[PDB]
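Chemist: Count along the sequence shown from 1, add 32, and you get the number used in the deposited numbering.
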Amino acid sequence: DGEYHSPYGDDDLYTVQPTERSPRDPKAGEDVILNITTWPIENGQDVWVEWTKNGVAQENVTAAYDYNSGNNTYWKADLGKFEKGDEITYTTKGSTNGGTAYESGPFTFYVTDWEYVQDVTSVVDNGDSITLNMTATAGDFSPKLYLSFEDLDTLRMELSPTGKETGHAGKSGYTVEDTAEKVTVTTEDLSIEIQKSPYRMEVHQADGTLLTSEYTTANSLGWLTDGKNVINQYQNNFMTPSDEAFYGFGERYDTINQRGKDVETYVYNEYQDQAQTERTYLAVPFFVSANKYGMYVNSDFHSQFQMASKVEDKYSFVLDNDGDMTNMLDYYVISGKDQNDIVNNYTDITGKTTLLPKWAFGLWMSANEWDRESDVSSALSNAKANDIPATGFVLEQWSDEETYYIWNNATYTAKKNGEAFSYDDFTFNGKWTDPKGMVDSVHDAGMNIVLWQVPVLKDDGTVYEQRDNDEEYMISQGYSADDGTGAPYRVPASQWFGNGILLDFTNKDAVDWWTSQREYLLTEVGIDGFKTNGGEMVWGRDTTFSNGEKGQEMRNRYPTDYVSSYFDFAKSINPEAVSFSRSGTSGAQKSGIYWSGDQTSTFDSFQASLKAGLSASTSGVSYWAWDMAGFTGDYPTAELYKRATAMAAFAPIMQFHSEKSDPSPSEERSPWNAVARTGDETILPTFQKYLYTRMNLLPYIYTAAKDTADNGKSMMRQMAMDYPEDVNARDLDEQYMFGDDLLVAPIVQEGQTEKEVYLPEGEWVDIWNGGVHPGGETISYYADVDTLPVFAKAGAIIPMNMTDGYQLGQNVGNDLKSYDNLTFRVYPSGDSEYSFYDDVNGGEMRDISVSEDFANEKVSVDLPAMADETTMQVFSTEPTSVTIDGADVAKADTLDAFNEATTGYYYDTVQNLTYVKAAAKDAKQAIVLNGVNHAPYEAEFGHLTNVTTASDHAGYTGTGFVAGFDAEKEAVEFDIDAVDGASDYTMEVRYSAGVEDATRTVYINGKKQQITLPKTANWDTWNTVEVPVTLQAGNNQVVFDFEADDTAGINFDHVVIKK
Ligand SMILES: OC[C@H]1O[C@H](OC[C@H]2O[C@H](O[C@@H]3[C@@H](O)[C@@H](O)O[C@H](CO[C@H]4O[C@H](CO)[C@@H](O)[C@H](O)[C@H]4O)[C@H]3O)[C@H](O)[C@@H](O)[C@@H]2O)[C@H](O)[C@@H](O)[C@@H]1O
Ligand SMILES: OC[C@H]1O[C@H](OC[C@H]2O[C@H](O[C@H]3[C@H](O)[C@@H](O)[C@@H](O)O[C@@H]3CO)[C@H](O)[C@@H](O)[C@@H]2O)[C@H](O)[C@@H](O)[C@@H]1O
Ligand SMILES: OC[C@H]1O[C@H](OC[C@H]2O[C@H](O)[C@H](O)[C@@H](O)[C@@H]2O)[C@H](O)[C@@H](O)[C@@H]1O
Ligand SMILES: OC[C@H]1O[C@H](OC[C@H]2O[C@H](O)[C@H](O)[C@@H](O)[C@@H]2O)[C@H](O)[C@@H](O)[C@@H]1O
Ligand SMILES: OC[C@H]1O[C@H](O[C@H]2[C@H](O)[C@@H](O)[C@@H](O)O[C@@H]2CO)[C@H](O)[C@@H](O)[C@@H]1O
Ligand SMILES: [Mg+2]
Ligand SMILES: [Mg+2]
Ligand SMILES: [Mg+2]
Ligand SMILES: [Mg+2]
Ligand SMILES: [Mg+2]
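(1) Report the residue ranges of all beta strand (DSSP E) runs contained in full by the region 949 to 1006; include only those spanning at least 3 residues, in chain order.
(2) So what's residue 519 in DSSP terms, helix, strand or just coil?
(3) At the level of alpha carbons, what is the spacing between residue 531 and residue 500?
(4) In chain order, what residues of the same chain have a beta carbon less than 8 Å from the beta carbon of residue 138, not counting five sequence neighbours either side?
(5) Ignoring anything shorter than 3 residues or poking outside the region 838 to 881, list the beta strand (DSSP E) runs there in chain order.
(6) If you measure from each CB to the nearest heavy atom of ligand 1 and keep those under 5 Å, what residues do you get, in chain order?
(7) Hey, how far is the Cα of residue 133 from the Cα of residue 127?
(8) Under 8 Å Cβ to Cβ from residue 507, same chain only, skipping five residues before and after it: list those, please.
(9) Going by DSSP, which residues form a beta bridge with residue 610?
(10) Starting from the N-terminal side, write out each stretch of the beta strand (DSSP E) that is 3 residues or longer and does not extend beyond the region 229 to 279.
(11) Determine the closest residue to residue 863 out of 826, 352, 898, 833, with distance taken between C-alpha atoms.
(12) With residue 168 as the anchor, note down where its beta strand (DSSP E) starts and where it stops.
(13) List in chain order: all unbroken alpha helix (DSSP H) runs of 4+ residues lying wholly within the region 724 to 782.
(14) Would you report the Cα separation of residue 1078 and residue 1032, rounded to the nearest angstrom?
(15) Name the residue from 99, 82, 886 whose alpha carbon lies nearest to the alpha carbon of residue 92.
(16) Cβ-heavy atom distance between residue 1051 and ligand 4 below 7 Å?
(17) Fully enclosed by the region 37 to 93, which beta strand (DSSP E) runs are 3 residues long or longer?
(18) What does a CB cutoff of less than 6 Å around residue 90 pick up in its chain, not counting 5 residues either side in sequence?
(19) Could you tell me which whole beta strand (DSSP E) segments of length 3 or greater appear in the region 909 to 936?
(20) What whole-angstrom Cβ distance do residue 961 and residue 883 have, given they're in contact under 8 Å?
(21) Quick check: the Cα distance between residue 65 and residue 116, rounded to an integer number of angstroms?
(22) Out of 992, 488, 1026, 990, point me to the one whose CA is closest to residue 998's CA.
(23) Mapping DSSP to helix, strand and coil, what is residue 149?
(24) Which whole-angstrom value is the C-beta distance of residue 244 and residue 235, which I expect to be below 8 Å?
(25) Between residue 665 and ligand 6, is there a pair consisting of the residue's CB and a ligand heavy atom that are separated by less than 7 Å?
(26) Quick check on the contact list: which residues have their beta carbon closer than 5 Å to a heavy atom of ligand 7?
(27) Just the C-alpha distance for residue 837 and residue 861, rounded to the nearest angstrom, thanks.
(28) According to DSSP, what are the bridge partners of residue 126?
(29) What is the residue span of the alpha helix (DSSP H) that residue 1041 lies within?
(30) Considering only the beta carbon of each residue, do residue 805 and residue 968 sit closer than 8 Å?
(31) Between the Cα of residue 735 and the Cα atoms of 625, 798, 875, which residue gives the shortest distance?
(32) Please indicate yes or no: does the CB of residue 908 lie closer than 7 Å to some heavy atom of ligand 8?
(33) Kindly identify the DSSP beta-bridge partner or partners of residue 945.
(34) Please report the distance separating the alpha-carbon of residue 718 from that of residue 630.
(35) When every heavy atom of ligand 10 is checked, does at least one fall within less than 7 Å of the C-beta of residue 993?
(36) In the DSSP assignment, find the alpha helix (DSSP H) that holds residue 546 and state where it starts and stops.
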């Protein structure tokens, strides 16, 4: 009773339907097979193909039995091979015993082959664009390649194979040197060297440094055509040295450096095994090379980036097209001031990140199992009882699970013709008796709530009045996409929401309707945005959208049309509304948060999540989240939960979530449930430490969020984004930069406590304890399960919201309308400046500058007008005085006195931080710390040999001192920076020698001297001896030894380097 063949199937990249044509788009010399099905299985069935070649009727092709399966027979018809330009049209047919024939088709394909640019025959400079007139290696086209400047450092190439299209205008600030053999195009930032015969482009910086170039054999640039009807693909090919690293490509789970891979720009919903399958929800045809350029292929069609995956020194892109011969290839080679500036330039092209409200940057709580008011009340109560000041709240299991815009258990008179509901239309029952009151109680807790959504109208063949009404309206209005035959497009039956009808987000009227149905959720229920899931749901080549585009072009674009439509809609009603989504392509960054999707509770998954965040970052998707510790699989171990917590608190968006809808016991990845499930009570204080730390750093984090929106600098960055020339930074995927100043190194390996941290050149200070670490090597950091290595860069100015306790990890709550103690942590190093985004006070930028002058025992802070009292925490030795506007401020002897003071200073001996309180003033204030040196290098943080630490004599700095240190083969080794370059310095050695005069031997980069340490009154008396040393650039190895000619026990507190 039937026959079926459909040449492209669902056009899936990864799989085929069993009734497709192979190849889908035949090239010259390729054997063409047609897979055909008939049903039911019967003897005496014939299957054949009726067809024409170049309009000429051919002898029928008889199909061969392939296999039987289920109710069906599958057959193969072999059409043979074809030549470039052949136009084949066929109809597949089946009948039983000479009866009624069932057929599919007709279907046409045009047989293609590659044509490439040969030579540049002439150059036409039009002032805002340059045309290169070209010959082709085959065919009769007259190609034109157009060059323009999006900016003086960003080159755009537009290729028209037929020469019938014209490129776009760019900047005029270029000069041209056109010669017989070569044309050179120059700006203040770029030198574009184009050989004419054969055509070959090299892109150089203006100083001559090569950025990238086309492949050396040339004929690199080409298009796939029958020469008459279709252009089906484009390619270009580039030369790449062995060491070149390639970053970005959207959100990638397998690796941060794609060298060696064929990367598919193809959005896909892959559950749990994204790394293994090399798939992603969020695919962007943009990469950044550590050779200091980006490349962006400007098209929504699928592309494949072959990154030294075929030939060791070649990278290529192959870009699909729908056949339209008027669609130019359009790509950019992007330079800039640095790697982050390359990202900024990319965002000039594809869209800036939209700044989200500060609440988006606190903790988000989520669990699929929350499905009733009492679950929401319990979540709020549990958060409150456990001192968890979260700011975001997600509900997934909230709706009727039919319309997805009506609360579960709500009753109402159904509405026809897609008419919208108001709040008053509903009687609220059962699980949700008062959604408005429920939302109000979330707001009372200082949280903001988002509701889960999909872009599809569900249709599983069940009867459900409202859903049925909406479907009839949607179809009659043409608010769906079209399947290509005049019927609404439905998601393929085997997929998530199979048989459902996608809303055509290209259709403004459709969007207005769809969103109107949700209006009451925003205006009356008072929600704060949507979790817009899915979107990877466009299949089929003939699927047609209101914009005239079809399924090949729209698959990658659809999720971003969907996500952006909802984001803009929610914001139009509630300016503080935030979206939380997983899928998209270039431009996704304009529309809210992206999370890394569906992963298991394992360390392998944690590793893949971090790769996903780092690649997304390079791709301009900065507001990135993950389900901390995984949302499914066996419940995370306490170790994984703690490791994930620490990293999550230092990532752009912090969010816990769980998959299961009605589990027993609870699957919540909340800290209180983690305690319950693992039995490890210490999870709670560890979680609190990290969450409170994040809240302490929220002024810094939110300023970084604004810097993303303004300047294209992502919040969390792979090391080579800041240090592209650093050979050790190239492949690192277990540490990153967070904001401008913090190097974060999470432990993402099971059982690991010795964490390698690569430190780039410069000085890095442990933010938790003041340990100093000279850059330019990989250090080993001991991190137990509760510990996260985080370091501040030299010169850092870090705004913080602190309690009167003034330590990191102390709860300041979630009231985002005020600070407790606004604080700036400062690591003085030369002259540094910072622009603080003061969201509490109308979004004023506060420009702070620090002038480090340790050589003259001074640090100066230029504080602008502020609306709040401010506390500086300056990393330094103890001042002899502090002035504000020249006037001495009072030394506070205790933290209590400091807190009570209007202005003053206090010295934290454990952290080596000077606190300075300045009153709120509507004028600039000049703060000077006098008598200060670079903070001490604590002996207890040194590399120790046969020697231990103690704290049983008062008055030390840091956490203690090295004790006794009085036998041969005992050593204390320091890694010491020069304060102001290679020079002689004075090294202060602070020690106690309670019994008798002591001596120790010191080696400074291998150069030995002996030092005399006179007796102190007793072991509770410290003294300082000044030792002349010569220090060079970089890390200076300073070794204190007890050798054979040394004498007596000492307690060794610290060293200070001064003029
Ligand atoms: O950024 C500075 C350091 O921060 C962390 O340590 C802070 C603590 O440092 C001291 O004591 C620690 C030890 O008790 C031990 O358990 O862990 C680490 C390092 O272990 C080993 O390091 C050296 C070899 O590389 C050896 O010299 C040493 O004998 C080994 O035990 C120690 O740092 C203080 O005494 C504590 O008060 C302080 O809290 C971080 O762990 C460390 O790696 C950083 O360098
Ligand atoms: O009650 C609403 C809804 O709950 C579940 O879906 C919520 C989750 O949706 C996403 O994950 C789904 C995948 O997209 C599917 O392809 C498939 O693998 O199943 C998962 C469910 O885990 C999302 O990424 C998750 O964060 C959400 O928890 C049910 O699956 C739906 O049927 C319900 O309508
Ligand atoms: O739109 C369908 C239906 O929704 C509401 O009632 C919810 C309803 O769901 C199923 O149809 C069950 O059979 C009922 O027991 C539930 O109450 C509207 O009140 C109703 O008018 C409408 O048909
Ligand atoms: O040479 C003096 C002294 O050195 C060592 O003891 C150092 C030790 O002395 C007291 O116990 C203090 O309380 C500690 O803080 C010091 O580290 C030798 O052990 C000792 O024999 C000698 O007299
Ligand atoms: O209507 C198009 C549809 O045809 C085929 O489905 C058949 C199936 O193979 C038979 O066993 C029987 O159940 O009837 C169906 C037609 O209703 C294709 O297999 C299917 O992919 C296609 O959509
Ligand atoms: Mg720029
Ligand atoms: Mg529940
Ligand atoms: Mg606050
Ligand atoms: Mg305050
Ligand atoms: Mg000390």
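Every residue, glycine too, gets a C-beta built ideally from N, C-alpha and C.
Modeler: The relevant details are as follows:
(1) 957 to 962, 975 to 977, 993 to 996
(2) coil
(3) 14 Å
(4) 121, 122, 123
(5) 853 to 858, 863 to 870, all fully within the region 838 to 881.
(6) 798, 803, 813, 814, 972, 973, 975, 976, 981, 991
(7) 5 Å
(8) 520, 533
(9) The secondary-structure analysis by DSSP pairs residue 610 with nothing; it has no beta-bridge partner.
(10) Runs found: 231 to 237, 242 to 246, 254 to 257, 263 to 271.
(11) 826
(12) 162 to 168
(13) 730 to 743, 751 to 754
(14) 6 Å
(15) 82
(16) Residue 1051: yes, Cβ under 7 Å from ligand 4.
(17) 64 to 71, 77 to 85
(18) 83
(19) 913 to 916
(20) Going by Cβ atoms, the distance from residue 961 to residue 883 rounds to 11 Å, so no, they are not a contact pair.
(21) 17 Å
(22) 1026
(23) strand
(24) Indeed they touch by this definition, with Cβ atoms about 5 Å apart.
(25) no
(26) 401, 403, 407
(27) 26 Å
(28) 79, 134
(29) First-last for residue 1041: 1039 to 1045, but that is the beta strand (DSSP E), not the alpha helix (DSSP H).
(30) no
(31) Per the Cα distances, 875.
(32) In this structure, ligand 8 has no non-hydrogen atom nearer than 7 Å to the beta-carbon of residue 908.
(33) 907, 940
(34) Their Cα atoms are separated by approximately 25 Å.
(35) yes
(36) 540 to 548
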